[PDB]
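Only one chain is shown below, in structure tokens, and it's the form deposited in one PDB entry.
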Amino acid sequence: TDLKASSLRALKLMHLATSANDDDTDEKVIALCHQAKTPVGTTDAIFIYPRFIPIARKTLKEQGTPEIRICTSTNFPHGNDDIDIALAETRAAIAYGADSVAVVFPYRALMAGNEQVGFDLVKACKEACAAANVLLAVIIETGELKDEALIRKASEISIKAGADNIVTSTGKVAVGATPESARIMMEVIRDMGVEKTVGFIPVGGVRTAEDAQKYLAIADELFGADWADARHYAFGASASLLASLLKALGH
């Protein structure tokens, strides 16, 4: 029954996205909105491309779940180092009506030795989001950085630039989150003492109810059992994890 409790808890923290082998479509997003409403409760949000926000917002409203948030991505998935492009895309996502924007950190530029551009890019995008009461998350793409020191450095730059959440992965490269990269990023949150204002989102690597229980255990250990609420923790995953959480709950 410990598994059942963390399964329901993981479920309500989900940022439901379409399968990686599906991209997105007006009908597939309407379907996604329906799956986000289950017999035991709703996921916290959906994760979709910006152009589908307006139709997702109407679907969620008309099905009686206006409280499900809509998160989207910019500078995505490439993480290029052109700030003007990243800012313009972020402003468009806001105008579409997003509740949360996840900008991809310029991780290639960091790997090449540029720590400043990542700071300036996140800062410019956070400025636009804050001005519109939108949360800014930052994807650092742990699967491409690989090295522990680079994952810490990307996390530290993002936090100092004003990230409201830090995210492992885009979901568009082979390797997403792992327990180790997840631990590293949450330890930066702790070491910097910013756990009240910065949350964490593993993308990928969580496919079963047992995986989700393991990832939540890391959060409970580092910050206490109460820390991982919808504002500070989320699982960026697809319908396959959701079905495993529902199954563990007997549905």
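Heads up: residue numbers just count along the shown sequence, starting at 1. Throughout, rigid core stands for the largest set of C-alpha atoms superposing within 1.5 Å between the two forms.
The next section is about a form of this same protein that is not shown, the form deposited with a small molecule bound.
*Asks:* Does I68 reach the small molecule in the entry with it bound if we count a contact as any heavy atom within 4.5 Å?
*Replies:* It does not: once the small molecule is placed as it appears in the entry with it bound, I68 has no heavy atom within 4.5 Å of it.
*Asks:* Contact with the small molecule in the entry with it bound for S181, defined as at least one heavy atom pair within 4.5 Å: yes or no?
*Replies:* The answer is no: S181 has no heavy atom within 4.5 Å of the small molecule.
*Asks:* Check whether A154 has any heavy atom within 4.5 Å of a heavy atom of the small molecule in the entry with it bound, and answer yes or no.
*Replies:* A154 lies outside the contact set for the small molecule.
*Asks:* Given that the small molecule is not shown alongside this chain, does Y215 nevertheless sit within 4.5 Å of it in the entry with it bound, heavy atom to heavy atom?
*Replies:* Residue-level check for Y215: no, no contact with the small molecule.
*Asks:* Under a 4.5 angstroms heavy atom criterion, identify the one residue in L121, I140, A93, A102 near the small molecule in the entry with it bound.
*Replies:* Result of the distance check: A102.
*Asks:* Please pick out the stretch from 108 to 116, 165 to 173, 126 to 134, 77 to 85 that is in contact with the small molecule in the entry with it bound, where contact means heavy atoms within 4.5 Å.
*Replies:* Heavy-atom contact with the partner occurs in 165 to 173.
*Asks:* For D229, does the CA position differ by 2 Å or more between the shown form and the other one when the superposition is done on the rigid core?
*Replies:* No, shifts by less than 2 Å.
*Asks:* Comparing between the shown form and the other one on the rigid core: C-alpha of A20 shifted by 2 Å or more?
*Replies:* Shift at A20: 2 Å or more after core fit.
*Asks:* What direction does the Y96-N21 Cα distance move in the entry with it bound compared with the shown chain, closer or farther, given a change of 3 Å or more?
*Replies:* It is closer: in the entry with it bound, the C-alpha atoms of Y96 and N21 lie at least 3 Å nearer than they do here.
*Asks:* Classify the change in Cα distance between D23 and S169 in the entry with it bound as closer or farther, relative to the shown form (magnitude of 3 Å or more).
*Replies:* Farther, not closer.
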